[PDB]
Every structure is written in C-alpha cells, then in structure tokens.
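In: this one is an experimental structure. Sequence first:
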Amino acid sequence: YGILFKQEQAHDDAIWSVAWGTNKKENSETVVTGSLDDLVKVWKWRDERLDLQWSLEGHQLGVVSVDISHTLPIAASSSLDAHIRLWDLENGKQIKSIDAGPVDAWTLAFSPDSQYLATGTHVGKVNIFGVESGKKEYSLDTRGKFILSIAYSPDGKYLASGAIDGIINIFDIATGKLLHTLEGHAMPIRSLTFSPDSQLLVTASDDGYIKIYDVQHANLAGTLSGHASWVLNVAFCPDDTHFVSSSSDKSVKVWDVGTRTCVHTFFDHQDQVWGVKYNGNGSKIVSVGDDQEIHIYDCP
Amino acid sequence: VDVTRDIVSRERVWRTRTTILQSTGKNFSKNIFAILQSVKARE
Amino acid sequence: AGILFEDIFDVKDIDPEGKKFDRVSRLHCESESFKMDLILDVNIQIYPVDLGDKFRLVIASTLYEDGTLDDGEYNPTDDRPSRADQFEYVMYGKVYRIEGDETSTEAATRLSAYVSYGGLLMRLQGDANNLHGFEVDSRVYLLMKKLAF
Amino acid sequence: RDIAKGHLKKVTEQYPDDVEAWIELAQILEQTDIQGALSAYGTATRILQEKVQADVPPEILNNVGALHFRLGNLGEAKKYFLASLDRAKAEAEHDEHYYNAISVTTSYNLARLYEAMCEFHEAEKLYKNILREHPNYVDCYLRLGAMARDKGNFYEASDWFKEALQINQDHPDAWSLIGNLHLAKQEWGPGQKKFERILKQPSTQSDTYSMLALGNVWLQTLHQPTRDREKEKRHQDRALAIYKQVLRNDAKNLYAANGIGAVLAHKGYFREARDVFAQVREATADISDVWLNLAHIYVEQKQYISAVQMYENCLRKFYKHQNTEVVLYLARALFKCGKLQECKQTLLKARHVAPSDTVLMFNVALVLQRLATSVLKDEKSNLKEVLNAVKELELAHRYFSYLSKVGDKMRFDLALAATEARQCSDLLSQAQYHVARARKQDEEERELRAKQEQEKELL
C-alpha cells in the first residue's frame, strides 16, 4: 500500500479525468487522460513507467471526460465545445467529431459492447449516440435539471444517471425505459460507477457521504461517511474487493466495499484529485487532479 | 431531571455567539465614529 | 501614494549565525500573505524585538501623503503631514542591487531587493510581481510598526 | 482573574508540595493561549502519581482532550476522550461527583470530534446514545440536525431544530438556528423580520446576534434599481441606525463596522471604504466576508493585480475549489492579455461544476468576442491565430443562438444580444478580410527564407 510512480507536471493545465484500461486489448498498458490544456495525452504505461505514446489535439475547450472502450482499443474524448471527437489509440488519429451542438455535451459513457455512447443533455435527457454512426439514435425521456453523470454497467444490464439535485435515474439499456428513480440525495451527483458484478451502485454526491445503493431492488445498502469535501471520482477494484474515492480535499481514501472502512489513504497530491481509476488487476491506482501530477498507487 | 443541572453547573463555556462578534483586541469606536460623522457632514 | 510595498510580517529567528555586533541583529522574518523573505536589520538597543512579534512593514518612496518627492535632507522644522506619525521605527536608505532569477529567454519570476540603510541591510526576497516599484539607485524608507495583536 | 494569575505566578516558582496548583493554572489559561493550559495539564498529569498510585481522574484527561480537540491533534484528543470514558466508568462509588455527567460530557466532546473526524456515522450513534438516556439535553439534539442538514436543509434538521425550540423556547441558540433555517431560501426577505423579533424582548436583551441578523437581512434588500424612488436610501439609513446602535453598546464588534463599510461602499464612497474596512481587516482578516468586500474596492479602482489574489485566498479554504460568485467577481473590467485568455480558463473551471447558469455562458461568449475583436480588427498578427479566431467566433455565435431561447435570466432579460450578433457579423467580415493578409505574410516569410538560403549558399 503506497505509491509506485510519480509523474510530475503531467500537463500544462489541470487534469479533470483519467482513463485506464482493464482488458488485454492494448488498453490496460496505455493511460488516456484529458486536461484543460486541450492535450489528450495517450500515455503508455510500459516497463512499469508512464511514457507518452500519442499527443492528440483539436478540442477547442478543455477535456471533460476520457474513457477507454471495453472491447476495443480505441478511445474518445468530449468537451464543452459540443464536439465529441472519437480517437484511435492504434494510430493516434481522429475517427470522427460528433458535433453535439449547440452546448449539449457532457461526460462520456462507453457501452460494455462498445456500440453506444451516452452523453448528458442540458434539457435533462440522456442522449445515446452511436459510436460508428454519430447521429442521435434514441434519447431517454427523463427530463429535469441536467445530467451530471452517466455510467454503463460492466455486463450491460442497468444504467444510472446523476442529476443536479441528487436524483439517480436507473434506466434499462436492454429496453430503454426508466425503471427506478432513487432520490436518496439532495446534492449534485458528481460521478458514479457500477460494481464489477452490477449489484452495488456508489454515488459521489456533494455531502461527503458514500451512500452505496442497490440496483436489483433500488434500496440503500448503507450510508458510508466519506471525506469532508465533495467526492469527485469513484471507481471499483476490478477484482471487486475495494473502491477508491476522489474528493476535493487532497485526499485519496480507499474505502472497503464490504466493511465500509478506509483501508488506506494517500496525501501525496498538493491539490485536489479529479480522476481516480484502477489497473487491469487492481494493484495500480492511477490518479490525476489540479496538481497536474499523475500518481500511480500500488496496493498489492 | 437532575442530569441537566448536573452538567450546566460544572462545565465552562469560553466562547459563544457574541464572543465571535467582538475582536479579541481593543478596537473602540473613537477611530470609527469619527469618520462615520465626517462622511455625514460633507453630505 | 508612493507605497512601493505593503505587507505584514512576523519574526521567526534572530541572529542564526550568532549575534556579531551589540546593537544590530538579523531578523529572518517571513510574510503572511505574499510569502516573501525578509532579512531586515533593526537597532535592537533602541527598538527591542522578540520572536513571534508581528509588524506592518511599508516601503514608501516618501513620507508625505500627497507624495511631493522630497529632495532628501534633515529638516525637522516642518509642519507638513508625515506618514511617520503612525510608526515606531522609521529608516532611510537607498536600494543598490535588484537580483532575480532571470534567464536568457523568459523573464524573471522572483526578485531580491537589496537596500542599505546607511549600513543596515535588508533583503526583500519574493515574487517578481510586487517588486515593480524598486529600481536600482533610488531612495526608500521602511515605516515599520509593531502590532499589539 | 489578574489577581489569580499573579497568585499562580507566585505558587509556580516555589515548590511547597504543589499538587493542585497547576490545575488552577490551566483553569484560567483556557480562555488565553491554549498551549499554556496544555502545558499545565501535562505537568499536572504526572504530579498526581508520586504521592500514591492513583489513576488520573477523568475530568482532567477530559479537559486536556477538549483542549486538543480544537487543535490538529484529533487522534490524540480521541485517545484522551476514550481513556476518560474508561476512567469515568470505573467510578462506581463517585455518585456525589456524578461520574455519569462526566461520561456524558466526554462522549459529547467525542461525538463532536467524530463529526469533525469525517465520521458522521459514529457521531450520530454517540449523540443518539446520549439522547436515549437524557432527552432533556439540547446540544446533542441540535448537532444531530446539523449533521442531517449537510445532506439537505429540508431533512430532519428543520424538524429537530424546531422540536428543540419547542422544548426550550428560552434558548437563544435554538431560536437563532430557527432563523438560520430561513436563510437557505431568501424568499422570506421581509417576512423573516417577525421570526427574528420573537426573542427581542427585554429579558433576552441585549442580544447582538439577532440585531446583526436584522442588519444583514435589511442589507440584503439593497442592490436594486429602485433607489431613486427614495426607498433604498431609507433602507440604508435604517441599517446604518441599527449598526450605530450596536456600535454604541459594543465598540469592539467587527460586524457592525463591516456593515457600515458595506453601506458606505453602496453610498459611493470606495475611497473612504478602505479606511473603515481597515480596522476589520486588522482585527481578524480570516473571515470570508472581508476578503471579498476589500477585493471589491480593489477591483473597483482598476487594481485587478490586488484583487485576483484576494479572490484566490478566499478559495484556499477546504470547502470548495470552483465557486461561481468568486469568479463572477473576478472578471469585472479585465482587458489585458493575462486577464482575458486566463479569464476563459477560470470561467470554464467555474462552469465545469455547474453549467446550468446563464451568466457563465454569456461571459464566456463576451470574452471570446473580446479576444476575436482584439486579433481581427487591428491585426496584422500571427496566422494560426487568425485560423483559431474564426472557430472561437463560430462557437460564440452558436452560444448567441442558444442563449436567446432560455426563459429565465439574471433578473434582467438578455434581449440585448442583437448588438453582439451584429458585432460578430462584422467580425466575420473582418476575419475573411484578414485571412488574405495572413496569406500575404505567408508568402513574405517564404521569400525571406529563400533570400536567406541563397546567402547561405554563397557562403
């Protein structure tokens, strides 16, 4: 339980998200990050060292979300420029640019089958664009204030959504219909992700509580006291034994998904951490933030 | 019950709402009300 | 105005290398807002100072509020307003070296004003943003007042 | 207290088998420097073991742990509280000193610490353990609502605070908390005067807290275009009278001068607002309000160099990173190179946390237009920038098209976007004119490099 690699000055501007692979499709070894300096750096974590492989540009505004396709070695990057641009980690070239105009562009959500791309809309709906089409296939008719977070389940059975007022919207990607609407929070939900078994659902609201709800029966499994600041990013260990939590207080707490206890905490970041993600096995925990330093956290 | 008078009689409250309002130093109104009246005289 | 610099400081160490003289000592002070170093040398005899004391140091190019840029001469018979009326320790010197971390391409980010009050030195090391009012070969004052807090 | 301090200074030097002298030393220094009391308890803890093997009573360990609770030694204070609880439990025969009350207060401090130790579950459990044994206690029942209030101001907080007032209406803290409830939604602007005037009876008087709450709620009514109707001037006079009244009876109250400076700034005296705010800053500048009221004066006098740092410092607190109001106050009259392109970076940082605000989406377009007109009117500058300016202008135009459809605005309709559209149109024309200049500079540099290469061939 410590830190292995320490990338100083990973970017010119603050990093807001980090993407790292989990499968063997040339993704777990390459780290894709998106920062506000309009630099989509494709870092290759080769030889247990963070080396730069590609440097993709083109986004007018800073990168808001980065994620790696599960069954595919390509990637994509969105921003607030309403131009969601697809990329390829095999050549460092651009596939296309989905002009999600005029401003309606938010964090990305790669489908586990790597065939659909969910994007938040200012009208409150969740637009589901096609990866190889780019056109608006079908939109979820659940209006409200705005979609602040969207996550796909690893096996593709459910889909949740974080609103500006703590409204979880459990959709069904198998049929495209709203099943449950968990409203256990009143704070703007920052980010969320599905458990490796698609059984638990963590919510990172702005109250400092890690309220882990259930998806099968839409019920709260227990209130976990998180940090003092707002939990920004949250990820599950691929082996499904723990889950890290990124907050706005220079703290990287690794809470236990089973006992609801902090098993270790990092304080190596001088600024707030914005993105946290696991490795393909769950030992290395990559992290980014306003410090503009990528820390690789090893927890054997 | 006696548990109320049992605690409020032995404790000590060094700071409360009003304490937060006054500065811990000595800043009287002689240097404040002077300008407060000067601004009014010019108008 | 003429306020070349204004900031609160606090004493943290006196004569670290051992007090050499008997009336002067080093004051390795630090700031509270701008985060700048200070190596002021005050007359410990007439103006004693201990650790932890805070003071409002204000480098001013002149002692007048209107800023008439006095020529420089001892003229006690003067009824004009003076900024020294609210300071317990004032000095008069002339900065002689402005060192900084300049390079061949990009401008400096941290300067270091070296001023000599007729023998008493003072290094106001810090960022290169608030030291714009310091130019080599120019008269300046100190105007420091200890804070009672 | 001065005579007691002198007497303790006399008993400190000599050693007439002092046992409780340090206890009296620390009992006075709790209000003063918190390290003196800690030193006294440190020595008093070891002085109780030489006469006999007697365990330290829980009251001293409890008070030393309370001293450390305010400090950064949260874990050490936690150990002190746990050991105090263990020791107080051992007092099966100290029914006269009421070991039970000692355990109650120790656990109260321990729950306050857990609430402060990023563990609200244990704090809730401990405060409820106090509730189940003594429902006539107020502070535990009031802190529980604070904990539920973090998640939202409509949960059990608003109910527990009123139940706490209903059990004790003569409790100033509970009633002030009641007034604090209405502050989340300022729709109760004029109506909150009634509920803030409940305990203004002479028996409770004088209460500076409620009077300054009245002054604040009366200041909130300012910043309106109805001042010429002789309405806001009367409001300023009323608030000024309130502040004068709380100044005469308390000259050391900083908030009275804070509000007086606020109104004087509202009266158009910014040259004279710095002097009034100076005393408040020098007394204690570590209050969120002063950093902003002073930064307003600095940003008013064309001093953004002295205003951006004040806005950054207020954000140094561990409560947030990108606040909307601070950045809104950040960009006021920025026109310099380091205050426009970077202003876009801070605007995007702000909009990242909550893009639903219209003012951010309008200010980003305005600064984009400022840069475009700053590179497409008198320039004659680098070429790649002329390539990027058209993209920025297109994005600004798309945002102009999008902003017009929104219903609600910043209490002011944005129908004045037409001039922005005309400005962007003539900017487009100028850009299509200046791209030709870009190409001309391209051929110029090409011929320059050729005429240099020929000379190098000569050599």
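Out: Right, received. Where do you want to start? Numbering: from 1, shown residues only, chains lettered A, B, ... in the order given.

In: and residue D:255, how many neighbours?
Out: By the measure other C-beta atoms under 10 Å in any protein chain shown, the count of residues near residue D:255 is 22. (C-beta placed from N, C-alpha, C; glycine too.)

In: residue contacts, it?
Out: Residue D:255 is in contact with B:21, D:212, D:215, counting by C-beta atoms under 8 Å, 6 or more residues apart in numbering or on different chains.

In: and it, what element?
Out: Per DSSP states H and E: residue D:255 is located in helix D:254-266.

In: close to chain A: what parts of chain C are there?
Out: Nowhere does chain C come near chain A, counting by C-beta under 8 Å from any C-beta of the partner chain.

In: can you give me the strands in chain C?
Out: Using DSSP state E, the strands of chain C run over C:3-10, C:24-31, C:37-43, C:54-60, C:92-100, C:110-117, C:120-127, C:138-141, C:146-147.

In: I'd guessed residue A:57 sits against residue A:35; true?
Out: No. Residue A:57 is beyond contact range of residue A:35, at 11.6 Å (criterion: C-beta atoms under 8 Å).

In: among these two, which residue is more densely surrounded?
Out: Counted by other C-beta under 10 Å, residue A:57 and residue A:35 do not tie: residue A:35 has more neighbours, with 25 against 11.

In: in the stretch 101-250 of chain D, what residue comes closest to chain C?
Out: Relative to chain C, the nearest point of the stretch 101-250 of chain D is residue D:250 (20.1 Å; C-beta to the nearest C-beta).

In: show me the contacts for the closest residue to that residue other than its chain neighbours.
Out: Spatial nearest neighbour of residue D:250, excluding adjacent residues (C-beta to C-beta, 6 or more residues apart in numbering or on different chains): residue D:208 at 6.0 Å. Counting by C-beta under 8 Å, 6+ apart, residue D:208 makes contact with B:18, B:21, D:246, D:249-250, D:253.

In: near chain A, which residues of chain D are found?
Out: So chain D meets chain A at D:118-122, D:150-152, D:154-155, D:318-321, D:345, D:348-349, D:351-352, D:354-356, D:361, D:391-392, D:395, D:398-399, D:401-402 (C-beta under 8 Å from any C-beta).

In: of those, which belong to helices?
Out: D:120-122, D:150-151, D:345, D:348-349, D:351-352, D:361, D:391-392, D:395, D:398-399, D:401-402 (DSSP state H).

In: just the buried ones from these, in PyMOL syntax?
Out: A single PyMOL command selects the buried members of those (16 or more other C-beta atoms under 10 Å in any protein chain shown):
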select buried, chain D and resi 120+150+151+348+349+351+352+361+392+395+398+399+402
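
In: relative to helix D:254-266, how tilted is the top helix by length along chain B?
Out: Across chain B, the longest stretch assigned as helix under DSSP H is helix B:30-42. Helix B:30-42 runs at 30 degrees relative to helix D:254-266, counting by axes from the mean of the first three to the mean of the last three C-alpha atoms, to 10 degrees.

In: which SSE is the closest residue to residue D:137 other than its chain neighbours in?
Out: Take residue D:137 and drop its neighbours on the chain: the residue closest to it by C-beta to C-beta, 6+ apart is residue D:130, 6.2 Å away. Taking DSSP H and E as the criterion, residue D:130 maps to helix D:120-133.

In: so how far is that helix from its chain's centroid?
Out: Distance of helix D:120-133 from the chain centroid (C-alpha atoms, centre = their mean, to the nearest Å) equals 28 Å.

In: what lies in contact with that helix?
Out: A:208-209, A:223-225, D:104, D:107-108, D:110-112, D:114-115, D:137, D:140-141, D:143-144, D:147, D:150.
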